[PDB]
Each structure stands twice: as C-alpha cells, then as structure tokens.
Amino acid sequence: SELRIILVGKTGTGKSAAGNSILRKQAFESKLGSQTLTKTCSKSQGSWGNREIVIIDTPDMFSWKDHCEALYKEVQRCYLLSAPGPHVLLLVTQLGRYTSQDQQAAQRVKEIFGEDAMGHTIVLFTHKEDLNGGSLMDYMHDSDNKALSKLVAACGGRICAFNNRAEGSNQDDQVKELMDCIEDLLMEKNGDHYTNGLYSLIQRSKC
C-alpha cells in the first residue's frame, strides 16, 4: 500500500537530499544556492519494508513571493501527482538555522495545501551531524527560536533529523526513525491521508 510524501520548505534546506535519503537512491538533484532554481515538481518512488514510498519534491517556485504566471498550473500538477492526498508533508529545515524565510515558506505551505496542512506535517531537520551524536529532542527542548517552537507546536511536536550525507546502517537508522514518526502520525489519523476541497474535486472526477 502506497505511502505518499510531499517535501516542502525553504530552498537550500536539504529537501531534495532528504528525498534521496528516504528512497536510498539518486532520485532528486541536490544543488548549491548558485544554481538555477526549479519550477516543476519531481516525483519518484521506491520501497521501504513491504511498502511503496512515493515522494513529490516541490519546486523552489512554491516559495516565491509576488505574481508568478507558472504557479497555479504547477500547484494543480502537484495535487494531481499526490492525489487523493499526501499521507505526510515533510517540512524541511536546517538544524539551528530556522529564519524568517523558513517562516514565510511555511506560510506558503498553508496557502497551497490549506490551513490544516500542519496536522499532517512532520518537521525534518537536516544537518543532524551538527548535534555531534546528541539528542534531537533535548536540543529542541532548549532551543530559543520562538518561531521554530511555534511551527513545531503546530505540527504536534512531530520532529525528526537526517544527516543527508549518511550512508550504510547510519542511513538505514535515520530513515527508520522517520518511518517510526510517520507510523505514529498515521496511527493518530486512523491511517487516513490528508485531504482538502481541491483533492476531493480530483478524486471525484475519476472512476
């Protein structure tokens, strides 16, 4: 049975890399800030355990401000690629580096996916290696970043961390932690995916 994940967040936080970590393959292209920004979603899939994992990597364009002709059609494409709705939105942020631009990117997520999207969101912190083997929960307990605390609260405290450069059993271990977070979220939601008005329209147009 399908597990559908949509990656969201500020550009450069490591979301394409996180997609690669989850799928254990080079599904999405990571890039430096100097490189061209993306305008189209990319979709890839793989297996974890007995389950098909399907991931949509949202374009950098979804974080842009002001008028953008391509946005509406590509948001429609994102919905069509994730229908009947994502099980999880993974809001990707770099550990210790949550800024006003992250806050704004999170607002774009609510605009695109709806006010209630945080109820199916997990906050994924990249650069886990910066913890030096320390507890993520303890780090977040002591974090003084007020905007980050508010986001994490809106996401029901659901958090996880990746070192996207991890390999081997270290990679397996961090992906397992994310799957454990997803298991608990889905349990709370009786296995349901996120939905909204627009996802409903799509679902009701198919036989």
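In this text, the rigid core denotes the largest set of C-alpha atoms whose superposition between the two forms falls within 1.5 Å. The numbering used is simple: start at 1 and walk along the sequence shown.
For the pair 115 to 123 and 69 to 77, greater average C-alpha departure from the shown form in 4 other deposited structures of this protein after core alignment is found in 69 to 77.
A fit on the rigid core, followed by a root mean square over CA positions in 4 other deposited structures of this protein, ranks 149 to 157 against 56 to 64 and picks 56 to 64 as the more shifted one. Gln101 is built in all of the other entries compared, counting only those with both neighbours built, so it is not a gap in a third. Compared with other entries of the same protein, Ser205 falls in the group left without coordinates by at least a third of them, where both flanks are modelled. When the mean C-alpha temperature factors of 12 to 20 and 190 to 198 are read from the deposited coordinates, 190 to 198 comes out higher. As recorded in the PDB entry, 169 to 177 is the stretch of 54 to 62 and 169 to 177 with the greater mean C-alpha temperature factor. Residues shown: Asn132, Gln76, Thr126, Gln103. Highest C-alpha temperature factor in the entry: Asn132. The entry lists a Cα temperature factor for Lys31 that places it in the middle third of the chain's modelled residues. Compared with the other modelled residues of the chain, the Cα B-factor recorded for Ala147 ranks in the highest third. Among the modelled residues of the chain, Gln45 sits in the highest third by CA temperature factor in this PDB entry.
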